[PDB]
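The form deposited in one PDB entry is given below as one chain in structure tokens.
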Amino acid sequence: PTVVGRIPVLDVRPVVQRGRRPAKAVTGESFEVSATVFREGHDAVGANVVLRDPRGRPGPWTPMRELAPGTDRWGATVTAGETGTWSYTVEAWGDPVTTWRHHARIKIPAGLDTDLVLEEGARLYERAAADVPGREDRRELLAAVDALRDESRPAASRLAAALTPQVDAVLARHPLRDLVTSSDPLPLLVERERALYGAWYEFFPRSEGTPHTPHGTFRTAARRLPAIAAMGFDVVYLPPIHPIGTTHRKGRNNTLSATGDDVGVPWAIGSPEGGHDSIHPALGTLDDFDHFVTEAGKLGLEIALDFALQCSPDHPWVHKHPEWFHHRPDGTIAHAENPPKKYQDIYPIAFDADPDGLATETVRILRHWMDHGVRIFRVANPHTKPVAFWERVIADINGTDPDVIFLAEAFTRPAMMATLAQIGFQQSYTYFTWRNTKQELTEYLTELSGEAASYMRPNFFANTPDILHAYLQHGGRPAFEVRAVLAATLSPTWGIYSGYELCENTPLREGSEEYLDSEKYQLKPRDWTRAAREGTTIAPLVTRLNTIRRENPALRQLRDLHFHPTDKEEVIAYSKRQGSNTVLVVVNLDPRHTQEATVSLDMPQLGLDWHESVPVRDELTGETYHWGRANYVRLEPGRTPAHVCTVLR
């Protein structure tokens, strides 16, 4: 057998790990399958994509086109359907009809061998007609055969009878394919909408208490949910909800020792009250949780729980399973670190003594929360646990419950971030918060919307409890507004951590990315009613952004994204498309000064001519413009952070 077939079809993409891991999509998402296709000699080739579903049923006829002249790289767009495991194949073939037309168009006018050329075409059309299942299509090809063979007519009109638009259309639907050759199938894992598209809100239930009871419960925190759903969020991400340890518990502003009332860090999981399968007694009981999950469901909110595979020193695992920790010659366990940061309140897990036991327990815990309506997990620091451990765990859970989504909080080097996505993590945290200039965003989003999108789905949190970027510290409210627009229009999944709306931006000290009086070490009651009444919240903007996203399919997908040039470093512009929905975004990245620029739109990139003008509506104002080729803009920080425009049809 030969590695290469009769008509070469090579280097099919997308491909992940040489075909050992699947490329990804979600229900409804379009993407390009591509291949290198060519043949020996000068004759024409064709190709097409055969997409098969989990039952093996092929998709509709999906022909490909050479993507740039002279490159022999062919592609076409496919669209994923029901969830599950699909496969794709590329088929390549000789296209003898195209070759024959090309030659005949030259040979009949020049008077060369005309009878032979027409008879050769007649034999092709006859072969084409034989494989056409429809009788009206068959009869149309046979009539062109008869006109081609009619020696009483002039050569040009015998030929013209074979090139009519009604013949073209039969052959584009049922083409004559020689030497059909096929690639080996490649796997595609299709998952639910929410893995690619959603808006997320993180908050600490314990902060939503009452005057008489400061430490919130699941019942009091349920009262925050209607405001969250009113902002247009779909997912609620809760930090760890388990009992919190006492030994080496941390105090306010990350001080080493807790005083009597200090609540500690939710990430220091475990006490004699319970471990990862327990509720912190001050949040209530498992019943109170179910109530919270039910109320979230009634508002269109799914719950995502933090899953942090680590322990406080009071966690039951420390004495029940000491082999799950690395012990020093004197028997002590070194606390975790992420230098120069120290986590004195926790122990890291070790995996090389009882990997089976740790995997079995890990999936038990996850299945417990899944039994209580949790179908999404934000996994903390997955990169400090073995990559293969996550590969095994995710495959175990998705094997019985494929709807479960895992999100990797891996802020680390690129190889590890990518590898985690490839081995199963449905979503990934990104470098978004450290991409703030026009050049940084453009470069980074070109990476994420390009080849990486076949294995990684980005979740753009504009802030987190550990990341308050200098851009926000220095920019105030206008900076918060900018980053919300950026995050919500560039990624189909974005998120904020509560307080973002109030433009909380006091850092722990100059040069740091921690918040002052961080919610991780203390209760942080916020007076939401006052903020709303006094207009010192950007919740309305946030609400608007999620409404825009819900109304424009272009913003519920990742791969289609183009950047358009502007004549000012502080102003960025880009567009996104999906069917006939096109969205155009212009942002002023300067939060202090008013910026004017000329935005020059790559018009072919919107399906338009250079001369053309098109009506747009800025969905942040309801105000309408007519834009083309070159458009002036003026963006005043605080009044208008940006235009977010739909193209009107």
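Note that residue numbering begins at 1 and tracks the sequence as displayed. Rigid core here is just the name for the largest C-alpha set that superposes within 1.5 Å across the two forms.
Form deposited in another entry: not shown, discussed below.
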Query - Conformational change between the shown form and the other one, one of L286, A156, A388, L508, C-alpha moving 2 Å or more after core fit - result: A156
Query raised in the report: Honestly, after the rigid core fit, is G399 moving at least 2 Å at Cα between the shown form and the other one?
Result: no
Query - After fitting the core, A415 CA displacement of 2 Å or more between the shown form and the other one - result: no
Query raised in the report: Does superposing the core leave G535 with a CA shift of 2 Å or more between the shown form and the other one?
Result: no
